[PDB]
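S.K.: The structure file query.txt (compact mmCIF, N, CA and C atoms) is provided below.
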```
# COMPACT_ATOMS: atom_id res chain seq x y z
N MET I 1 0.85 -1.22 0.00
CA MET I 1 0.00 0.00 0.00
C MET I 1 0.88 1.26 0.00
N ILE I 2 0.39 2.31 -0.68
CA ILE I 2 1.03 3.63 -0.76
C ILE I 2 0.16 4.67 -0.01
N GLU I 3 0.75 5.79 0.43
CA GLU I 3 0.00 6.97 0.89
C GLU I 3 0.46 8.21 0.08
N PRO I 4 -0.46 9.19 -0.20
CA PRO I 4 -0.07 10.46 -0.86
C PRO I 4 0.74 11.37 0.09
N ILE I 5 1.92 11.81 -0.35
CA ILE I 5 2.78 12.77 0.40
C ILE I 5 3.15 13.96 -0.51
N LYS I 6 3.70 15.03 0.09
CA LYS I 6 4.13 16.22 -0.67
C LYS I 6 5.17 17.05 0.11
N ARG I 7 6.18 17.52 -0.62
CA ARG I 7 7.07 18.60 -0.19
C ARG I 7 6.41 19.91 -0.60
N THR I 8 6.37 20.90 0.29
CA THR I 8 5.76 22.20 -0.01
C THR I 8 6.79 23.31 0.28
N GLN I 9 7.35 23.86 -0.80
CA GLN I 9 8.22 25.03 -0.76
C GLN I 9 7.38 26.28 -1.03
N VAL I 10 7.76 27.39 -0.40
CA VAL I 10 7.22 28.71 -0.71
C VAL I 10 8.38 29.66 -0.99
N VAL I 11 8.31 30.42 -2.09
CA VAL I 11 9.31 31.44 -2.39
C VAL I 11 8.82 32.75 -1.78
N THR I 12 9.40 33.10 -0.63
CA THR I 12 8.99 34.24 0.18
C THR I 12 9.95 35.41 -0.06
N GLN I 13 9.48 36.39 -0.83
CA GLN I 13 10.26 37.58 -1.21
C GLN I 13 9.66 38.83 -0.56
N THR I 14 10.48 39.58 0.18
CA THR I 14 10.06 40.79 0.90
C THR I 14 10.43 42.04 0.09
N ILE I 15 9.41 42.70 -0.49
CA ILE I 15 9.59 43.89 -1.32
C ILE I 15 9.69 45.12 -0.41
N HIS I 16 10.85 45.76 -0.47
CA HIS I 16 11.11 47.03 0.19
C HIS I 16 10.89 48.15 -0.82
N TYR I 17 9.81 48.90 -0.64
CA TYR I 17 9.55 50.11 -1.40
C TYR I 17 10.38 51.23 -0.78
N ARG I 18 11.30 51.79 -1.56
CA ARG I 18 12.09 52.96 -1.15
C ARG I 18 12.20 53.95 -2.29
N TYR I 19 12.62 55.16 -1.96
CA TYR I 19 12.91 56.23 -2.91
C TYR I 19 14.40 56.20 -3.26
N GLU I 20 14.80 57.06 -4.20
CA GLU I 20 16.21 57.24 -4.57
C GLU I 20 16.97 58.00 -3.47
N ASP I 21 16.21 58.74 -2.63
CA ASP I 21 16.72 59.40 -1.41
C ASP I 21 17.16 58.36 -0.37
N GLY I 22 16.67 57.11 -0.52
CA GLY I 22 16.89 56.06 0.46
C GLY I 22 15.75 55.95 1.46
N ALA I 23 14.86 56.97 1.47
CA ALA I 23 13.66 57.01 2.32
C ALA I 23 12.77 55.78 2.06
N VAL I 24 12.24 55.16 3.13
CA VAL I 24 11.48 53.90 3.01
C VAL I 24 9.98 54.21 2.82
N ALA I 25 9.44 53.89 1.63
CA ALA I 25 8.00 54.00 1.34
C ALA I 25 7.21 52.93 2.12
N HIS I 26 7.75 51.68 2.15
CA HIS I 26 7.26 50.57 3.01
C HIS I 26 8.17 49.32 2.83
N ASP I 27 8.85 48.90 3.90
CA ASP I 27 9.89 47.84 3.84
C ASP I 27 9.31 46.42 3.72
N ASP I 28 8.20 46.15 4.42
CA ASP I 28 7.69 44.78 4.62
C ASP I 28 6.43 44.53 3.76
N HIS I 29 6.62 44.30 2.45
CA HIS I 29 5.51 43.87 1.57
C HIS I 29 5.90 42.53 0.94
N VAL I 30 5.50 41.45 1.62
CA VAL I 30 6.05 40.11 1.41
C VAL I 30 5.09 39.23 0.58
N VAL I 31 5.57 38.75 -0.58
CA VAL I 31 4.83 37.81 -1.45
C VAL I 31 5.40 36.39 -1.25
N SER I 32 4.55 35.38 -1.40
CA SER I 32 4.94 33.96 -1.36
C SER I 32 4.24 33.19 -2.48
N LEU I 33 5.00 32.39 -3.23
CA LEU I 33 4.44 31.46 -4.23
C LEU I 33 4.63 30.03 -3.75
N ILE I 34 3.52 29.27 -3.70
CA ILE I 34 3.51 27.90 -3.18
C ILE I 34 3.83 26.93 -4.33
N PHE I 35 5.01 26.29 -4.23
CA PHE I 35 5.41 25.18 -5.10
C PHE I 35 5.29 23.87 -4.30
N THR I 36 4.53 22.91 -4.83
CA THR I 36 4.24 21.64 -4.14
C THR I 36 4.73 20.45 -4.98
N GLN I 37 5.81 19.82 -4.53
CA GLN I 37 6.34 18.58 -5.11
C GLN I 37 5.61 17.39 -4.49
N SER I 38 4.58 16.90 -5.17
CA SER I 38 3.86 15.72 -4.70
C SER I 38 4.69 14.46 -4.99
N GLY I 39 4.77 13.58 -3.99
CA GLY I 39 5.38 12.27 -4.12
C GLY I 39 4.44 11.19 -3.60
N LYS I 40 4.96 9.98 -3.44
CA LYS I 40 4.20 8.85 -2.91
C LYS I 40 5.09 8.05 -1.95
N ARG I 41 4.50 7.52 -0.87
CA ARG I 41 5.27 6.82 0.18
C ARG I 41 4.91 5.34 0.20
N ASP I 42 5.94 4.49 0.03
CA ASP I 42 5.82 3.04 0.23
C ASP I 42 5.68 2.76 1.72
N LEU I 43 4.55 2.17 2.11
CA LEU I 43 4.24 1.90 3.53
C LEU I 43 4.98 0.68 4.07
N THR I 44 5.48 -0.19 3.19
CA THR I 44 6.05 -1.48 3.60
C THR I 44 7.45 -1.27 4.21
N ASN I 45 8.29 -0.51 3.50
CA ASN I 45 9.63 -0.10 4.00
C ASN I 45 9.51 1.21 4.79
N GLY I 46 8.55 2.05 4.36
CA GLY I 46 8.35 3.39 4.94
C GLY I 46 9.01 4.48 4.09
N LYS I 47 9.66 4.05 2.99
CA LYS I 47 10.46 4.91 2.11
C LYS I 47 9.57 5.89 1.31
N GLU I 48 10.10 7.10 1.06
CA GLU I 48 9.36 8.18 0.39
C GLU I 48 9.97 8.45 -0.99
N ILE I 49 9.18 8.12 -2.02
CA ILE I 49 9.57 8.25 -3.43
C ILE I 49 9.01 9.57 -3.95
N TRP I 50 9.82 10.62 -3.89
CA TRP I 50 9.48 11.94 -4.44
C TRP I 50 9.86 11.95 -5.92
N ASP I 51 9.02 12.57 -6.76
CA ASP I 51 9.33 12.70 -8.19
C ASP I 51 10.53 13.67 -8.34
N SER I 52 11.69 13.12 -8.73
CA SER I 52 12.96 13.87 -8.83
C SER I 52 13.03 14.73 -10.11
N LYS I 53 12.02 14.59 -10.98
CA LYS I 53 11.88 15.42 -12.19
C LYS I 53 10.83 16.52 -11.97
N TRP I 54 10.15 16.49 -10.79
CA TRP I 54 8.99 17.36 -10.52
C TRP I 54 9.41 18.83 -10.55
N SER I 55 8.79 19.57 -11.46
CA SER I 55 9.07 20.97 -11.70
C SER I 55 7.76 21.71 -11.91
N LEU I 56 7.41 22.58 -10.95
CA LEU I 56 6.20 23.38 -11.01
C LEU I 56 6.57 24.80 -11.44
N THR I 57 5.80 25.37 -12.37
CA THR I 57 5.93 26.77 -12.77
C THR I 57 4.86 27.59 -12.03
N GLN I 58 5.19 28.83 -11.66
CA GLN I 58 4.25 29.75 -10.99
C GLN I 58 4.63 31.17 -11.42
N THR I 59 3.63 31.93 -11.88
CA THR I 59 3.83 33.28 -12.39
C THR I 59 4.11 34.24 -11.23
N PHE I 60 5.39 34.63 -11.09
CA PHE I 60 5.79 35.70 -10.17
C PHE I 60 5.18 37.02 -10.68
N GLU I 61 4.11 37.45 -10.00
CA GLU I 61 3.38 38.68 -10.32
C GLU I 61 2.45 38.99 -9.14
N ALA I 62 1.47 39.89 -9.39
CA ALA I 62 0.40 40.25 -8.44
C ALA I 62 0.95 40.96 -7.19
N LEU I 63 2.18 41.48 -7.33
CA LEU I 63 2.83 42.33 -6.35
C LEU I 63 2.81 43.75 -6.96
N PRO I 64 1.93 44.67 -6.46
CA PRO I 64 1.78 46.04 -7.00
C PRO I 64 2.99 46.97 -6.72
N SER I 65 2.76 48.27 -6.91
CA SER I 65 3.75 49.33 -6.66
C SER I 65 2.99 50.66 -6.63
N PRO I 66 2.78 51.29 -5.42
CA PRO I 66 2.07 52.58 -5.30
C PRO I 66 2.62 53.66 -6.26
N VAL I 67 1.74 54.17 -7.13
CA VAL I 67 2.10 55.21 -8.11
C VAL I 67 2.26 56.54 -7.36
N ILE I 68 3.50 57.01 -7.24
CA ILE I 68 3.84 58.21 -6.47
C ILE I 68 4.05 59.39 -7.45
N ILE I 69 3.47 60.56 -7.12
CA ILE I 69 3.55 61.77 -7.96
C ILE I 69 4.99 62.30 -7.98
N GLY I 70 5.47 62.64 -9.19
CA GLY I 70 6.85 63.07 -9.41
C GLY I 70 7.85 61.96 -9.19
N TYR I 71 7.40 60.70 -9.24
CA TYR I 71 8.26 59.53 -9.03
C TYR I 71 7.92 58.41 -10.02
N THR I 72 8.95 57.63 -10.32
CA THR I 72 8.89 56.48 -11.21
C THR I 72 9.70 55.36 -10.55
N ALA I 73 9.03 54.22 -10.25
CA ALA I 73 9.68 53.04 -9.66
C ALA I 73 10.68 52.43 -10.65
N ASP I 74 11.74 51.79 -10.12
CA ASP I 74 12.74 51.09 -10.95
C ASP I 74 12.09 49.84 -11.57
N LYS I 75 11.27 49.17 -10.74
CA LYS I 75 10.39 48.09 -11.16
C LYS I 75 8.99 48.35 -10.58
N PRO I 76 8.04 48.92 -11.40
CA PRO I 76 6.63 49.11 -11.00
C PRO I 76 5.84 47.77 -11.00
N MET I 77 6.51 46.68 -11.39
CA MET I 77 5.98 45.32 -11.30
C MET I 77 7.16 44.39 -10.97
N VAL I 78 7.09 43.77 -9.78
CA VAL I 78 8.20 43.01 -9.21
C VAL I 78 8.27 41.59 -9.82
N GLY I 79 9.33 41.38 -10.62
CA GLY I 79 9.68 40.09 -11.21
C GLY I 79 8.60 39.48 -12.09
N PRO I 80 8.20 40.15 -13.21
CA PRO I 80 7.08 39.69 -14.05
C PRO I 80 7.52 38.49 -14.92
N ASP I 81 7.49 37.28 -14.33
CA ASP I 81 8.03 36.07 -14.98
C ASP I 81 7.47 34.80 -14.32
N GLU I 82 7.11 33.83 -15.17
CA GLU I 82 6.65 32.49 -14.75
C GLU I 82 7.84 31.64 -14.30
N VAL I 83 8.17 31.72 -13.01
CA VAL I 83 9.36 31.05 -12.46
C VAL I 83 9.05 29.57 -12.16
N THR I 84 9.89 28.67 -12.69
CA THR I 84 9.77 27.23 -12.47
C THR I 84 10.75 26.78 -11.36
N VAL I 85 10.21 26.26 -10.24
CA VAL I 85 11.01 25.59 -9.21
C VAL I 85 10.90 24.08 -9.41
N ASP I 86 12.05 23.46 -9.71
CA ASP I 86 12.17 22.02 -9.96
C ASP I 86 12.80 21.33 -8.75
N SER I 87 12.81 20.00 -8.79
CA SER I 87 13.23 19.15 -7.67
C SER I 87 14.68 19.42 -7.21
N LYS I 88 15.54 19.85 -8.15
CA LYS I 88 16.97 20.09 -7.88
C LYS I 88 17.16 21.35 -7.00
N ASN I 89 16.34 22.40 -7.25
CA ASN I 89 16.40 23.67 -6.49
C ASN I 89 15.19 23.82 -5.55
N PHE I 90 14.41 22.73 -5.38
CA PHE I 90 13.12 22.76 -4.68
C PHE I 90 13.28 23.09 -3.20
N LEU I 91 14.23 22.42 -2.55
CA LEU I 91 14.43 22.52 -1.10
C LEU I 91 15.05 23.87 -0.72
N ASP I 92 15.74 24.50 -1.69
CA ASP I 92 16.26 25.87 -1.55
C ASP I 92 15.22 26.89 -2.01
N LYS I 93 15.17 28.04 -1.30
CA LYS I 93 14.56 29.27 -1.81
C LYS I 93 15.41 29.80 -2.98
N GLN I 94 14.84 30.69 -3.77
CA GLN I 94 15.55 31.31 -4.91
C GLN I 94 15.49 32.84 -4.78
N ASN I 95 14.33 33.36 -4.35
CA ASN I 95 14.10 34.80 -4.12
C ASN I 95 13.87 35.01 -2.62
N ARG I 96 14.38 36.12 -2.09
CA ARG I 96 14.42 36.41 -0.65
C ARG I 96 13.92 37.83 -0.40
N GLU I 97 14.50 38.80 -1.11
CA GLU I 97 14.20 40.23 -0.92
C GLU I 97 14.23 41.00 -2.25
N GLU I 98 13.38 42.03 -2.33
CA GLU I 98 13.39 43.04 -3.39
C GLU I 98 13.57 44.42 -2.75
N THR I 99 14.09 45.35 -3.54
CA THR I 99 14.17 46.77 -3.19
C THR I 99 13.83 47.57 -4.45
N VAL I 100 12.58 48.07 -4.57
CA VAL I 100 12.20 48.96 -5.68
C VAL I 100 12.64 50.39 -5.32
N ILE I 101 13.13 51.15 -6.32
CA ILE I 101 13.60 52.53 -6.12
C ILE I 101 12.75 53.52 -6.93
N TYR I 102 11.96 54.32 -6.21
CA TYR I 102 11.22 55.44 -6.77
C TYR I 102 12.18 56.62 -6.93
N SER I 103 12.58 56.88 -8.16
CA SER I 103 13.41 58.04 -8.49
C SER I 103 12.49 59.13 -9.02
N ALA I 104 13.02 60.34 -9.27
CA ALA I 104 12.25 61.43 -9.89
C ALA I 104 11.63 60.94 -11.21
N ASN I 105 10.43 61.45 -11.54
CA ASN I 105 9.65 60.96 -12.68
C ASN I 105 10.40 61.19 -14.00
N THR I 106 10.11 60.32 -14.96
CA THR I 106 10.64 60.37 -16.34
C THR I 106 10.28 61.70 -17.07
N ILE I 107 9.38 62.51 -16.46
CA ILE I 107 9.12 63.90 -16.87
C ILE I 107 10.43 64.73 -16.80
N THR I 108 11.10 64.69 -15.63
CA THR I 108 12.34 65.46 -15.40
C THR I 108 13.60 64.58 -15.61
N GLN I 109 13.39 63.28 -15.91
CA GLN I 109 14.48 62.30 -16.07
C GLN I 109 14.56 61.76 -17.50
N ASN I 110 15.79 61.57 -17.99
CA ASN I 110 16.06 60.85 -19.24
C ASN I 110 15.91 59.33 -18.99
N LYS I 111 15.61 58.58 -20.07
CA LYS I 111 15.41 57.12 -20.00
C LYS I 111 16.71 56.39 -19.63
N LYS I 112 16.90 56.21 -18.32
CA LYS I 112 18.05 55.50 -17.74
C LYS I 112 17.94 53.99 -18.01
N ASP I 113 16.69 53.52 -18.03
CA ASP I 113 16.32 52.17 -18.43
C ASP I 113 15.56 52.24 -19.76
N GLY I 114 16.08 51.51 -20.73
CA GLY I 114 15.55 51.47 -22.09
C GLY I 114 16.28 50.41 -22.90
N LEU I 115 16.62 49.31 -22.22
CA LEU I 115 17.34 48.15 -22.79
C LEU I 115 16.36 47.10 -23.31
N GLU I 116 15.05 47.41 -23.18
CA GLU I 116 13.92 46.54 -23.54
C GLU I 116 13.91 45.30 -22.62
N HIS I 117 12.99 45.32 -21.61
CA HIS I 117 12.87 44.28 -20.57
C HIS I 117 12.72 42.88 -21.21
N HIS I 118 13.80 42.09 -21.11
CA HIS I 118 13.89 40.75 -21.71
C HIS I 118 13.02 39.76 -20.93
N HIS I 119 11.96 39.27 -21.58
CA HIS I 119 11.02 38.29 -21.02
C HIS I 119 10.98 37.03 -21.89
N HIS I 120 10.26 36.01 -21.41
CA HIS I 120 10.14 34.72 -22.11
C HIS I 120 9.16 34.84 -23.28
N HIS I 121 9.62 34.48 -24.48
CA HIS I 121 8.78 34.39 -25.68
C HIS I 121 8.05 33.04 -25.70
N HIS I 122 8.81 31.99 -25.30
CA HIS I 122 8.41 30.57 -25.40
C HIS I 122 8.26 30.17 -26.88
```
When written as structure tokens, how does the structure in this file appear?
M.R.:
Amino acid sequence: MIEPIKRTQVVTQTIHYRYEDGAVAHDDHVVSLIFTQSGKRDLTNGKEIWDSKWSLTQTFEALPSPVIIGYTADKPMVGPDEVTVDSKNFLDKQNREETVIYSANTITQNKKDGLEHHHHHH
């Protein structure tokens, strides 16, 4: 006989909203994505057979950024990417902390960022 088991990792990233002055808009805005490696347990030996190829994708998004007057965030959307946590990196976290920087608005600023944000085409 077998029983259903699972490893449950969460990628817990703490977004620190700050300005270019270094002033803290809000330090503790913490997102978590739940990655669940389901396995199965042999009851006879007691051994736990986790799927070593198990790789779950989860869209890192849904973390906002307060639109501040005369300010432009460095990232107004924190990590816009479908991040896959697989069995090899499963037990480790990958993301821990963010720090967005609200600098003076692009009204009074030249395009310091304009390298075209490289995302997945698939």
S.K.: Between I:34, I:42, I:19, I:109, which has the minimum distance to residue 5 (chain I) (counting only C-alpha atoms)?
M.R.: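 For residue 5 (chain I), the nearest of the candidates is I:42.
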S.K.: Residues within 8 Å of residue 22 (chain I), please, as a JSON list (two decimals) with N, CA and C atoms, in the frame of the given file. Count all atoms listed in the file; anything in the same chain fewer than 4 positions from it doesn't count.
M.R.:
```json
[["chain", "number", "residue", "atom", "x", "y", "z"],
["I", 17, "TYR", "N", 9.81, 48.90, -0.64],
["I", 17, "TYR", "CA", 9.55, 50.11, -1.40],
["I", 17, "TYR", "C", 10.38, 51.23, -0.78],
["I", 18, "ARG", "N", 11.30, 51.79, -1.56],
["I", 18, "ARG", "CA", 12.09, 52.96, -1.15],
["I", 18, "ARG", "C", 12.20, 53.95, -2.29],
["I", 101, "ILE", "N", 13.13, 51.15, -6.32],
["I", 101, "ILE", "CA", 13.60, 52.53, -6.12],
["I", 101, "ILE", "C", 12.75, 53.52, -6.93],
["I", 102, "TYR", "N", 11.96, 54.32, -6.21],
["I", 102, "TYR", "CA", 11.22, 55.44, -6.77],
["I", 102, "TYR", "C", 12.18, 56.62, -6.93]]
```
S.K.: Atom N of residue 60 (chain I) and CA of residue 81 (chain I), how far apart in Å?
M.R.: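 These two atoms are separated by 4.9 Å.
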S.K.: Under the rule that only N, CA and C atoms are counted, which of I:97, I:92, I:62, I:41 is the nearest residue to residue 1 (chain I)?
M.R.: I:41
S.K.: From the list I:91, I:53, I:26, I:31, which residue is nearest residue 12 (chain I) when using all atoms listed in the file?
M.R.: I:31
S.K.: Excluding residue 107 (chain I) and residues on its chain fewer than 6 positions from it, collect all residues at most 8 Å away from it, counting only N, CA and C atoms, and give them as a PyMOL selection string.
M.R.: chain I and resi 70-72
S.K.: Quick one: of I:69, I:23, I:100, I:56, who's nearest to residue 83 (chain I), counting all atoms listed in the file?
M.R.: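 Between I:69, I:23, I:100, I:56, the residue approaching residue 83 (chain I) most closely is I:56.
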S.K.: Of the candidates I:58, I:103, I:95, I:13, which one gets nearest to residue 29 (chain I) if we count only N, CA and C atoms?
M.R.: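 Smallest distance to residue 29 (chain I) is found for I:13.
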S.K.: Using only C-alpha atoms, which of I:59, I:110, I:94, I:11 sits nearest residue 80 (chain I)?
M.R.: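 When distances to residue 80 (chain I) are compared using only C-alpha atoms, the smallest one comes from I:59.
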S.K.: Report, in Å to a single decimal, how far apart CA of residue 54 (chain I) and CA of residue 117 (chain I) are.
M.R.: 29.0 Å
S.K.: Using the chain letters and numbers from this document, which residues of region 14-100 of chain I does DSSP assign to strand (DSSP E or B), as a ChimeraX atom specification?
M.R.: /I:14-19,24-42,48-50,55-60,71-72,81-86,97-100
S.K.: One decimal, Å: what's the distance from atom N of residue 35 (chain I) over to atom C of residue 10 (chain I), could you say?
M.R.: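 Taking atom N of residue 35 (chain I) as the start and atom C of residue 10 (chain I) as the end point, the length is 5.8 Å.
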